Amino acid sequence: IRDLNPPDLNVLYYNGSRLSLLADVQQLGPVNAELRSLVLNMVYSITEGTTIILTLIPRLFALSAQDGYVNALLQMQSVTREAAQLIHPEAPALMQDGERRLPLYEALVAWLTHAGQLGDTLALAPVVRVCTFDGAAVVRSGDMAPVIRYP
Amino acid sequence: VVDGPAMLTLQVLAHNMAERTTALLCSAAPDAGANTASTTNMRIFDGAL
């Protein structure tokens with residue numbers, strides 16, 4: 001997405017290991033296939049209950065003052081920390097046919113089927129997990145491992 | 152020991168005067184880099200004349 005806009009993002013971390021990755025160019029074809037797979041699943045999470053959830057943005061930035069567990073969310077690199085500093089949103093009222101329906105419930109289930117699904121949509125599925133039989137908590141790099149399907 | 156004609160310089164007091172000593176309470180607490188959700192309500196009260 002940087003290549004469509006005339007720093008930095010290379011370094012990962014896991015188990016304390018520092019490791020970067022080798023890449024030079026990316027073809028403009030498959031990036032559009034990845035990006036169109038994003039933004040369709042991005043849009044399909046936004047439902048009528050989401051704007052009600054957006055009114056709780058002033059609540060979280062007040063709650064991150066009080067508990068460090070809420071401070072474990074924002075990480076200073078999220079948009080929502082700096083978004084809460086400027087925008088004070090408020091709820092729309094009143095919803096059409098609000099007696100018969102549940103807007104907060106419908107926003108979550110549509111969110112769980114598109115955005116929470118998207119970890120499957122870009123890469124392939126995690127078909128396989130690991131079940132050692134003689135119990136080895138760590139399977140070392142360069143060794144075999146027992147293998148059992150994952151649903 | 153004060154000279155004679157320098158006494159007449161006191162007329163400048165007719166140009167600038169002041170009134171009473173006023174008590175003060177001043178409260179601004181706690182200064183930045185200290186304000187935490189545990190520590191909001193407590194203040195530092197200081198005084199001056």
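Protein chains in written order, with this note's numbering: chain A, 1 to 151; chain B, 152 to 200.
Just so it is clear, CB atoms sit at the ideal spot from N, CA and C, and this is done for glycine as well.
Exposure of residue i, with buried meaning 16 or more beta-carbon neighbours within 10 Å
i	result
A107(A)	buried
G68(A)	exposed
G49(A)	buried
Of the listed residues the options, nearest to residue i (C-alpha basis)
i	options	result
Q27(A)	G49(A), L4(A) and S20(A)	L4(A)
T132(A)	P146(A), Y150(A), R2(A) and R140(A)	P146(A)
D143(A)	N32(A), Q96(A), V130(A) and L73(A)	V130(A)
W111(A)	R101(A), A91(A), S45(A) and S20(A)	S45(A)
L60(A)	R18(A), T47(A), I52(A) and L74(A)	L74(A)
residue 152(A)	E99(A), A65(A), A125(A) and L54(A)	Look at the range of chain A in this structure, 1 to 151, and you will see that residue 152(A) is not part of it.
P30(A)	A91(A), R149(A), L122(A) and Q66(A)	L122(A)
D24(A)	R36(A), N32(A) and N10(A)	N10(A)
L118(A)	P58(A), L35(A), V79(A) and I57(A)	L35(A)
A91(A)	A115(A), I52(A) and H114(A)	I52(A)
Inter-residue spacing [alpha-carbon to alpha-carbon] between residue i and residue j
i	j	result
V128(A)	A93(A)	48 Å
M168(B)	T160(B)	15 Å
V152(B)	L164(B)	21 Å
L63(A)	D134(A)	46 Å
residue 203(B)	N192(B)	Lying outside 152 to 200, the shown extent of chain B, residue 203(B) is not represented and no answer is given.
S141(A)	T187(B)	46 Å
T190(B)	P89(A)	28 Å
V70(A)	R171(B)	53 Å
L102(A)	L54(A)	16 Å
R149(A)	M76(A)	38 Å
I87(A)	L56(A)	12 Å
Closer than 8 Å: residue i CB and nearest the ligand GTP heavy atom
i	result
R171(B)	Of ligands this structure carries none, so the ligand GTP is not represented either.
* Asked: Is the stretch 30–47 of chain A touching the stretch 82–94 of chain A in the sense that three or more CB pairs, one from each, lie closer than 8 Å?
  -> no
* Cβ contact check for the stretch 193–200 of chain B and the stretch 159–177 of chain B: 3 or more pairs under 8 Å -> yes
* Asked: What are the start and end residues of each continuous alpha helix (DSSP H) run of 4 or more residues lying completely inside the stretch 25–93 of chain A, in chain order?
  -> 28–43, 48–53, 57–63, 68–74 and 79–84
* Counting only runs that start and end within the stretch 87–130 of chain A, where is the beta strand (DSSP E) found for 3 or more residues in a row? -> 128–130
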